[PDB]
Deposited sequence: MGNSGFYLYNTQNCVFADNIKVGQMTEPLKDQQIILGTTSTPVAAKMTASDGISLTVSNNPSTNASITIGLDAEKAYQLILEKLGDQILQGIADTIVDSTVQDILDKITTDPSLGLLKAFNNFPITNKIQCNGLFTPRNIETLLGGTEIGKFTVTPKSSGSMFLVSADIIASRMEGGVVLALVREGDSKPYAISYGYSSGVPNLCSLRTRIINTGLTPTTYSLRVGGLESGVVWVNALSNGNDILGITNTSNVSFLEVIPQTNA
């Protein structure tokens, strides 16, 4: 109940009362998923004279036959295998052909197979499976020679000449599979 104007020090004042990509990277790089599988095919087109023999004395060493190819492969999944197919065009005077797949570091062949030529070229095959031991590149080589005796030519007639006058192709394929 009071109102008006008044001085406060020096002021005159009024006053008053008022996710797809994320899978994709996993899938293409996670080795533990059994998805995803390496494949490699290795053509062999050169004519190779295989003078090295296979015999009981060298069959369990590295010295049997003649090397015709060397292959490096890498698994993309853990605990996998490679299903291996070697299909080699070979000729020899009537007799047996031996094939040996060797894994680098071992002291003898990983797998041995047998083929035949009558004198004219014939496919000689090795089919096997490799047990992979990690995700590291691994190198394998294929050797080919006569069974006990004879010279074997790969990709050529028994004298070394071109079959049918052309270059021919033998193949070694590796297909990764999960057991």
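Residues of the deposited sequence lacking C-alpha coordinates, counted from 1, fall in the stretches 1, 20-99, 261-264.
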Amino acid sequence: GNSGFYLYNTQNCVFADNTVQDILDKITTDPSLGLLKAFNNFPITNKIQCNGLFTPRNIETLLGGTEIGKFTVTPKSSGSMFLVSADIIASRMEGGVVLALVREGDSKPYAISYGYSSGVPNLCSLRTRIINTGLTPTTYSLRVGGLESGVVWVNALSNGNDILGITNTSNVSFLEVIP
From here on, numbers count along this sequence of modelled residues.
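When 25-33 is weighed against 124-132, 25-33 comes out higher, by mean CA B-factor as recorded in the entry. Between 43-51 and 111-119, the higher mean Cα B-factor belongs to 43-51.
The maximum CA B-factor among the listed residues 18, 155, 161, 171, taken from the PDB record, is found at 18. Within the group 72, 85, 91, 78, the record's highest C-alpha temperature factor is found at 78. Ranked against the other modelled residues of its chain, the C-alpha B-factor of residue 145 as given in the entry falls in the lowest third. The deposited CA B-factor of residue 64 belongs to the middle third of values across its chain.
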